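What's in structure-v9.cif: mmCIF, C-alpha atoms
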```cif
data_my_file
loop_
_atom_site.label_atom_id
_atom_site.label_comp_id
_atom_site.auth_asym_id
_atom_site.auth_seq_id
_atom_site.Cartn_x
_atom_site.Cartn_y
_atom_site.Cartn_z
CA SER A 12 0.00 0.00 0.00
CA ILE A 13 1.11 3.69 -0.09
CA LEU A 14 1.18 3.91 3.73
CA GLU A 15 3.76 1.10 4.01
CA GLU A 16 5.72 2.44 1.04
CA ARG A 17 6.22 5.97 2.61
CA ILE A 18 7.62 4.24 5.85
CA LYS A 19 9.89 1.96 3.68
CA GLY A 20 11.44 4.82 1.71
CA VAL A 21 12.56 6.83 4.81
CA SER A 22 13.78 3.73 6.75
CA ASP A 23 17.27 2.14 6.76
CA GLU A 24 15.37 -1.04 7.92
CA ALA A 25 15.96 -3.06 10.98
CA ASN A 26 14.37 -5.74 13.01
CA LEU A 27 17.28 -6.95 15.13
CA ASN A 28 17.19 -10.74 15.36
CA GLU A 29 20.38 -12.73 15.10
CA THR A 30 22.24 -9.44 15.19
CA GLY A 31 21.83 -6.42 17.48
CA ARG A 32 23.09 -2.80 17.48
CA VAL A 33 24.85 -1.13 20.50
CA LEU A 34 23.00 1.58 22.57
CA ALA A 35 25.81 2.77 24.87
CA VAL A 36 29.06 1.49 26.17
CA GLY A 37 31.45 2.01 29.09
CA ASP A 38 32.69 0.34 32.35
CA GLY A 39 34.00 -2.58 30.24
CA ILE A 40 30.33 -3.57 29.70
CA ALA A 41 28.04 -2.78 26.78
CA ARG A 42 24.38 -2.48 26.07
CA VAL A 43 23.19 -3.94 22.85
CA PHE A 44 19.55 -3.68 21.61
CA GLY A 45 17.86 -6.82 20.38
CA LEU A 46 19.51 -10.33 20.23
CA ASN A 47 16.30 -12.09 21.19
CA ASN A 48 17.57 -15.48 19.94
CA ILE A 49 20.65 -15.53 22.26
CA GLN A 50 21.47 -18.24 24.71
CA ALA A 51 22.18 -17.34 28.31
CA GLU A 52 26.01 -17.32 28.77
CA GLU A 53 26.66 -17.46 25.05
CA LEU A 54 29.77 -15.97 23.31
CA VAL A 55 29.06 -13.07 20.94
CA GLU A 56 31.51 -11.71 18.52
CA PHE A 57 31.50 -8.02 17.76
CA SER A 58 32.21 -6.43 14.37
CA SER A 59 34.87 -4.34 15.79
CA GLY A 60 37.47 -6.98 16.73
CA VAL A 61 36.47 -8.14 20.15
CA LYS A 62 34.42 -10.87 21.74
CA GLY A 63 32.23 -10.74 24.79
CA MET A 64 30.06 -12.94 26.85
CA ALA A 65 26.33 -12.08 27.44
CA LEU A 66 25.62 -11.88 31.24
CA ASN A 67 22.29 -10.04 31.48
CA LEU A 68 19.50 -10.66 29.09
CA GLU A 69 16.85 -8.13 30.10
CA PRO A 70 13.57 -7.79 28.06
CA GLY A 71 14.35 -6.25 24.65
CA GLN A 72 18.01 -5.57 25.53
CA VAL A 73 21.11 -7.53 26.30
CA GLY A 74 24.23 -6.53 28.39
CA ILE A 75 27.34 -8.09 26.92
CA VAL A 76 30.69 -7.98 28.90
CA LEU A 77 33.68 -6.87 26.79
CA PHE A 78 36.84 -8.99 27.29
CA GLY A 79 39.23 -6.16 27.08
CA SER A 80 39.14 -3.04 24.99
CA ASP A 81 36.72 -0.05 25.23
CA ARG A 82 37.86 1.59 22.08
CA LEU A 83 36.75 -0.81 19.42
CA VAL A 84 33.02 -0.74 20.52
CA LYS A 85 30.96 2.49 19.88
CA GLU A 86 27.22 3.09 19.68
CA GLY A 87 25.79 1.82 16.26
CA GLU A 88 27.97 -1.13 15.51
CA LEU A 89 26.57 -4.68 15.04
CA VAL A 90 26.95 -7.42 17.58
CA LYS A 91 26.54 -10.95 16.16
CA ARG A 92 25.75 -14.31 17.85
CA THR A 93 28.54 -16.93 17.65
CA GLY A 94 25.87 -19.48 18.58
CA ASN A 95 27.89 -21.52 21.07
CA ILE A 96 28.47 -21.27 24.91
CA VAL A 97 31.74 -20.02 26.16
CA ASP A 98 34.20 -23.06 25.96
CA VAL A 99 38.01 -23.46 26.16
CA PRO A 100 40.03 -26.21 24.41
CA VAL A 101 40.51 -29.41 26.43
CA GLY A 102 42.71 -32.38 25.12
CA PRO B 7 -6.59 23.88 31.98
CA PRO B 8 -6.91 20.11 32.51
CA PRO B 9 -10.14 19.15 34.36
CA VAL B 10 -8.68 16.43 36.59
CA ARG B 11 -5.22 14.67 36.58
CA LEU B 12 -5.35 11.05 35.57
CA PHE B 13 -2.63 8.63 34.70
CA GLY B 14 0.94 8.46 35.82
CA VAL B 15 4.01 8.73 33.42
CA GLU B 16 3.20 9.45 29.75
CA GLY B 17 0.06 11.09 31.08
CA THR B 18 2.03 14.37 31.39
CA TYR B 19 1.81 14.45 27.58
CA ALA B 20 -1.88 13.47 27.48
CA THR B 21 -2.69 16.17 30.05
CA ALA B 22 -0.79 18.77 28.10
CA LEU B 23 -2.43 17.66 24.77
CA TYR B 24 -6.07 18.06 26.14
CA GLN B 25 -5.34 21.50 27.63
CA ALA B 26 -3.84 22.78 24.30
CA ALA B 27 -6.87 21.40 22.37
CA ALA B 28 -9.25 22.78 24.96
CA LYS B 29 -8.85 26.36 23.91
CA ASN B 30 -10.40 25.68 20.49
CA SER B 31 -13.08 23.08 21.61
CA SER B 32 -11.94 20.41 19.28
CA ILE B 33 -10.47 17.48 21.26
CA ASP B 34 -13.00 15.07 19.74
CA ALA B 35 -11.74 15.79 16.29
CA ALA B 36 -8.10 15.53 17.34
CA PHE B 37 -8.54 12.14 19.13
CA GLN B 38 -10.63 10.55 16.27
CA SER B 39 -8.02 11.46 13.79
CA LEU B 40 -5.31 10.17 16.02
CA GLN B 41 -7.10 6.66 16.00
CA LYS B 42 -7.22 6.67 12.28
CA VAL B 43 -3.43 7.72 11.75
CA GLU B 44 -2.32 5.22 14.60
CA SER B 45 -4.29 2.39 12.85
CA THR B 46 -2.54 3.13 9.51
CA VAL B 47 0.85 2.62 11.32
CA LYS B 48 -0.50 -0.80 12.46
CA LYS B 49 -1.63 -1.70 8.91
CA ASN B 50 2.10 -0.97 8.18
CA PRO B 51 2.92 -4.44 9.54
CA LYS B 52 6.65 -4.07 9.06
CA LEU B 53 8.12 -0.87 10.54
CA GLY B 54 4.89 -0.21 12.32
CA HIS B 55 5.30 -3.02 14.65
CA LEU B 56 9.08 -3.12 14.08
CA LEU B 57 9.67 0.55 14.84
CA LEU B 58 7.50 1.21 17.95
CA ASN B 59 10.38 0.37 20.27
CA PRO B 60 13.60 2.38 19.73
CA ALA B 61 15.67 0.84 16.98
CA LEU B 62 16.81 3.70 14.79
CA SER B 63 17.92 7.23 15.49
CA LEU B 64 15.75 10.22 16.58
CA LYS B 65 16.13 11.66 13.12
CA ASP B 66 15.00 8.62 11.07
CA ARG B 67 12.03 8.23 13.39
CA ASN B 68 11.37 12.02 12.91
CA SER B 69 11.41 11.39 9.19
CA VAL B 70 9.04 8.38 9.73
CA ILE B 71 6.84 11.05 11.47
CA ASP B 72 7.09 13.51 8.60
CA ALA B 73 5.99 10.68 6.20
CA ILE B 74 3.05 9.78 8.40
CA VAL B 75 1.64 13.32 8.28
CA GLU B 76 2.19 13.78 4.48
CA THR B 77 0.04 10.67 3.68
CA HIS B 78 -2.69 11.68 6.25
CA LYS B 79 -3.43 15.41 6.23
CA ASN B 80 -6.22 15.36 8.84
CA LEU B 81 -4.77 14.96 12.17
CA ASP B 82 -5.34 18.50 13.49
CA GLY B 83 -2.47 20.88 14.21
CA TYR B 84 -2.05 19.83 17.85
CA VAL B 85 -1.53 16.20 17.06
CA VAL B 86 0.87 17.02 14.06
CA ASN B 87 3.15 18.91 16.59
CA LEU B 88 2.71 16.29 19.45
CA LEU B 89 4.29 13.75 17.09
CA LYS B 90 7.24 16.00 16.63
CA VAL B 91 7.73 16.27 20.34
CA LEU B 92 7.66 12.41 20.72
CA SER B 93 10.07 11.77 17.84
CA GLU B 94 12.66 14.43 19.18
CA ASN B 95 12.70 12.79 22.65
CA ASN B 96 12.93 9.60 20.57
CA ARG B 97 9.94 7.44 21.78
CA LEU B 98 7.14 5.64 19.92
CA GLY B 99 6.45 2.59 22.13
CA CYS B 100 4.25 4.70 24.50
CA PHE B 101 2.53 6.19 21.48
CA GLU B 102 -0.62 4.05 21.97
CA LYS B 103 -0.30 5.18 25.56
CA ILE B 104 -0.88 8.93 25.11
CA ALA B 105 -3.63 7.89 22.68
CA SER B 106 -5.54 5.75 25.23
CA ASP B 107 -5.32 8.39 28.01
CA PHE B 108 -6.32 11.17 25.54
CA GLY B 109 -9.44 9.10 24.82
CA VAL B 110 -10.41 8.98 28.54
CA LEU B 111 -9.85 12.75 28.84
CA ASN B 112 -11.93 13.30 25.70
CA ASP B 113 -14.78 11.05 26.87
CA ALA B 114 -14.88 12.85 30.25
CA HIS B 115 -15.64 15.99 27.92
CA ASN B 116 -18.35 14.12 25.91
CA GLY B 117 -19.74 13.05 29.28
CA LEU B 118 -19.56 9.31 28.62
CA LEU B 119 -18.87 7.10 31.66
CA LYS B 120 -17.34 3.95 30.07
CA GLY B 121 -17.98 0.71 31.98
CA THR B 122 -17.31 -3.02 31.95
CA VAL B 123 -19.98 -5.36 33.27
CA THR B 124 -17.90 -8.54 33.33
CA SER B 125 -19.83 -11.74 33.72
CA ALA B 126 -19.12 -15.46 34.02
CA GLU B 127 -20.89 -16.10 30.63
CA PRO B 128 -22.43 -13.62 28.12
CA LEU B 129 -25.74 -12.47 29.47
CA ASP B 130 -28.95 -12.00 27.49
CA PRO B 131 -29.61 -8.68 25.70
CA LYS B 132 -32.62 -8.08 28.02
CA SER B 133 -30.42 -8.50 31.06
CA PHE B 134 -28.20 -5.78 29.52
CA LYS B 135 -31.03 -3.23 28.95
CA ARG B 136 -32.23 -3.79 32.45
CA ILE B 137 -28.71 -3.30 33.92
CA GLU B 138 -28.38 -0.03 31.94
CA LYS B 139 -31.77 1.15 33.21
CA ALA B 140 -31.09 0.21 36.86
CA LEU B 141 -27.60 1.64 37.09
CA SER B 142 -29.08 4.94 35.94
CA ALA B 143 -31.77 4.65 38.67
CA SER B 144 -29.14 3.84 41.38
CA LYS B 145 -27.37 6.97 42.76
CA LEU B 146 -23.81 5.67 41.42
CA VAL B 147 -24.66 7.45 38.17
CA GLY B 148 -26.48 10.61 39.30
CA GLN B 149 -27.38 11.44 35.69
CA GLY B 150 -25.67 13.89 33.54
CA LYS B 151 -23.20 11.16 32.64
CA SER B 152 -24.06 8.66 30.02
CA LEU B 153 -23.25 5.13 31.00
CA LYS B 154 -22.09 2.57 28.45
CA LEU B 155 -22.18 -1.16 29.21
CA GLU B 156 -19.46 -3.34 27.71
CA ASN B 157 -20.00 -7.11 27.96
CA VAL B 158 -16.91 -9.29 28.71
CA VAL B 159 -16.65 -13.05 29.15
CA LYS B 160 -14.28 -14.15 31.83
CA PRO B 161 -14.42 -17.85 32.86
CA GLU B 162 -12.07 -16.78 35.67
CA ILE B 163 -15.10 -15.16 37.15
CA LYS B 164 -16.58 -18.49 38.23
CA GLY B 165 -20.24 -17.75 38.51
CA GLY B 166 -21.85 -14.38 39.13
CA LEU B 167 -20.93 -11.00 37.58
CA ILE B 168 -19.25 -7.66 38.52
CA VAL B 169 -20.56 -4.19 37.46
CA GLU B 170 -17.71 -1.66 37.29
CA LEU B 171 -17.65 2.05 36.22
CA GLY B 172 -15.95 5.12 37.65
CA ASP B 173 -14.87 4.48 41.30
CA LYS B 174 -18.21 2.64 42.05
CA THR B 175 -18.56 -1.06 41.94
CA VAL B 176 -21.01 -3.71 43.01
CA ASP B 177 -19.43 -7.18 43.18
CA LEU B 178 -22.23 -9.66 43.24
CA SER B 179 -20.08 -12.68 42.21
CA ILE B 180 -20.17 -16.35 43.28
CA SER B 181 -16.42 -16.74 42.71
CA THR B 182 -15.37 -14.57 45.74
CA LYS B 183 -17.89 -16.30 47.97
CA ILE B 184 -16.37 -19.72 47.08
CA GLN B 185 -12.79 -18.45 47.88
CA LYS B 186 -14.06 -17.15 51.22
CA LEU B 187 -15.79 -20.39 51.99
CA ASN B 188 -12.94 -22.64 51.11
CA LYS B 189 -10.75 -20.81 53.75
CA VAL B 190 -13.55 -20.86 56.36
CA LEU B 191 -13.86 -24.76 56.35
CA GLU B 192 -12.84 -26.07 59.78
CA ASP B 193 -15.52 -28.54 60.55
#
```
Rewrite the coordinates I just gave you, this time as structure tokens.
Amino acid sequence: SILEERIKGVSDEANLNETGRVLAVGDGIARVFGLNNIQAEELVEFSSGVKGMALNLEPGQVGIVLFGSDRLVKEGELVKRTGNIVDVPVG
Amino acid sequence: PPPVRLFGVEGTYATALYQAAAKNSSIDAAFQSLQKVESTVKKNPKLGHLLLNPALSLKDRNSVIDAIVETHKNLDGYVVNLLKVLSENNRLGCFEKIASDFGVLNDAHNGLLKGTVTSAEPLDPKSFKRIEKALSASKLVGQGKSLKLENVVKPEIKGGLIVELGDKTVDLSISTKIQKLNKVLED
């Protein structure tokens, strides 16, 4: 319809499922918006060169913990699900 | 001026909206139009359920606002500016909220006293007319205020019914009486 079409033209599009986008960062913890498929204690990999572990999944938001570095992460970059729990090699 | 203060947060907006629209005597117009422009956001199933909660900047949302008023030109000048205010503070999830409150404020002006007459099961239509008659007769609605009866089915009301409107209620249920009884059993 025309109503949907005027929204579609002025929108960059989003939805935010299986990726999320950061809202604010600092204290060596970050706040990402979305990520409603994540597992509890999963590892996420950021598109900035850093990995973090989700600790608090709150409705409609997630609080990742950044394993070093506060520089790489900035508000508006995309956080992606690795899809596996945090593990370490054993053997 | 506002007539009475109702609602907590996101009612500061609704309050403010009625008192601005009060000076012209066109709140009824403003509110109707708001229902029709809100519904056309909903019948935008993507980006009108997927952009109520913050997800994009203030500015993109503002431009989503500009696009909503260019496609619907009847919205009244108070509600075309209220949207601007909401977009700049960067909120749209409590958009239905100001709308709902603004309806209550408006219908206090119309002089409608909205009411739910929950029952266990849907009652007959005759039972309805008679409740509307009676409730008018009873001093809970002094007259001057036009009651509406809205039927609801709640099988969680286990037997009986509850008549609710304003701050005045008559609870003539079976369900409560059972709960009270069950506790009371000692012998």
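When the PyMOL selection byres ((chain B and resi 151-162) around 6) is run on the displayed coordinates, the residues it returns are residues 117, 118, 119, 120, 121, 122, 123, 124, 125, 126, 127, 128, 149, 150, 163 and 164 of chain B.
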**Report entry** Shell of 6 Å around segment 54-62 of chain A, only C-alpha atoms, local chain residues under 6 positions omitted, as a PyMOL selection string
**Finding:** chain A and resi 83+89-93+96-97
Would you mind exporting C-alpha atoms of the selected residues as a tab-separated table (two decimals), in the coordinates of the input?
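Result went into selection-v4.tsv, see below:
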```
chain	number	residue	atom	x	y	z
A	83	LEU	CA	36.75	-0.81	19.42
A	89	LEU	CA	26.57	-4.68	15.04
A	90	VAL	CA	26.95	-7.42	17.58
A	91	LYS	CA	26.54	-10.95	16.16
A	92	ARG	CA	25.75	-14.31	17.85
A	93	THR	CA	28.54	-16.93	17.65
A	96	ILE	CA	28.47	-21.27	24.91
A	97	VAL	CA	31.74	-20.02	26.16
```
Requested in this report: Tell me the residues of chain B close to chain A, meaning within 12 Å using all atoms listed in the file, as a ChimeraX atom specification.
Outcome: /B:43-78
Write the residues of the selection above to a file with C-alpha atoms, as an mmCIF file, keeping the file's coordinate frame.
```cif
data_model
loop_
_atom_site.group_PDB
_atom_site.id
_atom_site.type_symbol
_atom_site.label_atom_id
_atom_site.label_comp_id
_atom_site.auth_asym_id
_atom_site.auth_seq_id
_atom_site.Cartn_x
_atom_site.Cartn_y
_atom_site.Cartn_z
ATOM 1 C CA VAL B 43 -3.430 7.720 11.750
ATOM 2 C CA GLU B 44 -2.320 5.220 14.600
ATOM 3 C CA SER B 45 -4.290 2.390 12.850
ATOM 4 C CA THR B 46 -2.540 3.130 9.510
ATOM 5 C CA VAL B 47 0.850 2.620 11.320
ATOM 6 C CA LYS B 48 -0.500 -0.800 12.460
ATOM 7 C CA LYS B 49 -1.630 -1.700 8.910
ATOM 8 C CA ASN B 50 2.100 -0.970 8.180
ATOM 9 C CA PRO B 51 2.920 -4.440 9.540
ATOM 10 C CA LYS B 52 6.650 -4.070 9.060
ATOM 11 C CA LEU B 53 8.120 -0.870 10.540
ATOM 12 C CA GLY B 54 4.890 -0.210 12.320
ATOM 13 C CA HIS B 55 5.300 -3.020 14.650
ATOM 14 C CA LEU B 56 9.080 -3.120 14.080
ATOM 15 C CA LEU B 57 9.670 0.550 14.840
ATOM 16 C CA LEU B 58 7.500 1.210 17.950
ATOM 17 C CA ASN B 59 10.380 0.370 20.270
ATOM 18 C CA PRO B 60 13.600 2.380 19.730
ATOM 19 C CA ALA B 61 15.670 0.840 16.980
ATOM 20 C CA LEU B 62 16.810 3.700 14.790
ATOM 21 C CA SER B 63 17.920 7.230 15.490
ATOM 22 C CA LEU B 64 15.750 10.220 16.580
ATOM 23 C CA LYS B 65 16.130 11.660 13.120
ATOM 24 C CA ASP B 66 15.000 8.620 11.070
ATOM 25 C CA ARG B 67 12.030 8.230 13.390
ATOM 26 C CA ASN B 68 11.370 12.020 12.910
ATOM 27 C CA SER B 69 11.410 11.390 9.190
ATOM 28 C CA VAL B 70 9.040 8.380 9.730
ATOM 29 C CA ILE B 71 6.840 11.050 11.470
ATOM 30 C CA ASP B 72 7.090 13.510 8.600
ATOM 31 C CA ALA B 73 5.990 10.680 6.200
ATOM 32 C CA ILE B 74 3.050 9.780 8.400
ATOM 33 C CA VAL B 75 1.640 13.320 8.280
ATOM 34 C CA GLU B 76 2.190 13.780 4.480
ATOM 35 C CA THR B 77 0.040 10.670 3.680
ATOM 36 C CA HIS B 78 -2.690 11.680 6.250
#
```
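Here atom CA of residue 116 of chain B and atom CA of residue 41 of chain B stand 16.7 Å from one another.
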Query raised in the report: So which residues get picked by the PyMOL selection byres ((chain B and resi 40) around 12) here, written as an MDAnalysis selection string?
Result: chainID B and resid 23 33:39 41:47 74:75 78:86 88:89 101:106 108:109
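Of note, atom CA of residue 88 of chain A and atom CA of residue 69 of chain A are spaced 19.6 Å apart.
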Query raised in the report: Can you tell me, as a VMD selection string, which residues sit within 10 Å of (20.2, -17.0, 22.6) in the file's frame, using only C-alpha atoms?
Result: chain A and resid 29 46 to 55 65 68 92 to 96
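Shell of residue 35 of chain A at 10 Å, with only C-alpha atoms counted and residues fewer than 2 places along the chain excluded, is residues 32, 33, 37, 40, 41, 42, 43, 44, 84, 85, 86 and 87 of chain A.
For the atom pair formed by atom CA of residue 25 of chain B and atom CA of residue 170 of chain B, the distance is 28.0 Å, given to one decimal.
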Query raised in the report: Residues around (-6.6, 17.8, 33.8), cut-off 8 Å, counting all atoms listed in the file - what are they as an MDAnalysis selection string?
Result: chainID B and resid 7:12 21 24:25 111
Could I get segment 31-44 of chain B rebuilt with N, CA, C and O atoms, written as a short mmCIF file (atom, residue, chain, number, x, y, z; two decimals), keeping the file's coordinate frame?
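See part.cif below for the written result:
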```cif
data_model
loop_
_atom_site.label_atom_id
_atom_site.label_comp_id
_atom_site.auth_asym_id
_atom_site.auth_seq_id
_atom_site.Cartn_x
_atom_site.Cartn_y
_atom_site.Cartn_z
N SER B 31 -11.88 23.93 21.37
CA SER B 31 -13.08 23.08 21.61
C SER B 31 -13.18 22.06 20.47
O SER B 31 -14.21 21.88 19.81
N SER B 32 -12.05 21.38 20.30
CA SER B 32 -11.94 20.41 19.28
C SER B 32 -10.89 19.39 19.76
O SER B 32 -9.68 19.44 19.53
N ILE B 33 -11.37 18.47 20.67
CA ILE B 33 -10.47 17.48 21.26
C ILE B 33 -10.97 16.26 20.57
O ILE B 33 -10.21 15.35 20.33
N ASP B 34 -12.26 16.21 20.27
CA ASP B 34 -13.00 15.07 19.74
C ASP B 34 -12.57 14.75 18.36
O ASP B 34 -12.35 13.58 18.03
N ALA B 35 -12.37 15.80 17.56
CA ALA B 35 -11.74 15.79 16.29
C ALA B 35 -10.30 15.30 16.31
O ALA B 35 -10.03 14.38 15.53
N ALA B 36 -9.46 15.82 17.15
CA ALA B 36 -8.10 15.53 17.34
C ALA B 36 -7.82 14.02 17.65
O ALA B 36 -6.92 13.42 17.08
N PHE B 37 -8.57 13.49 18.59
CA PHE B 37 -8.54 12.14 19.13
C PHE B 37 -8.99 11.20 18.07
O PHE B 37 -8.39 10.17 17.89
N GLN B 38 -10.09 11.51 17.29
CA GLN B 38 -10.63 10.55 16.27
C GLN B 38 -9.63 10.29 15.22
O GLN B 38 -9.34 9.13 14.81
N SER B 39 -9.05 11.45 14.76
CA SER B 39 -8.02 11.46 13.79
C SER B 39 -6.78 10.74 14.22
O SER B 39 -6.26 10.10 13.30
N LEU B 40 -6.43 10.90 15.49
CA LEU B 40 -5.31 10.17 16.02
C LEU B 40 -5.49 8.61 15.93
O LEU B 40 -4.54 7.91 15.54
N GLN B 41 -6.69 8.07 16.21
CA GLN B 41 -7.10 6.66 16.00
C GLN B 41 -6.94 6.20 14.56
O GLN B 41 -6.50 5.11 14.27
N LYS B 42 -7.30 7.03 13.58
CA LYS B 42 -7.22 6.67 12.28
C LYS B 42 -5.76 6.70 11.73
O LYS B 42 -5.38 5.80 10.96
N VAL B 43 -4.85 7.65 12.16
CA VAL B 43 -3.43 7.72 11.75
C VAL B 43 -2.57 6.67 12.49
O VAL B 43 -1.62 6.14 11.93
N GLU B 44 -2.91 6.26 13.76
CA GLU B 44 -2.32 5.22 14.60
C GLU B 44 -2.61 3.88 13.95
O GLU B 44 -1.69 3.06 13.93
#
```
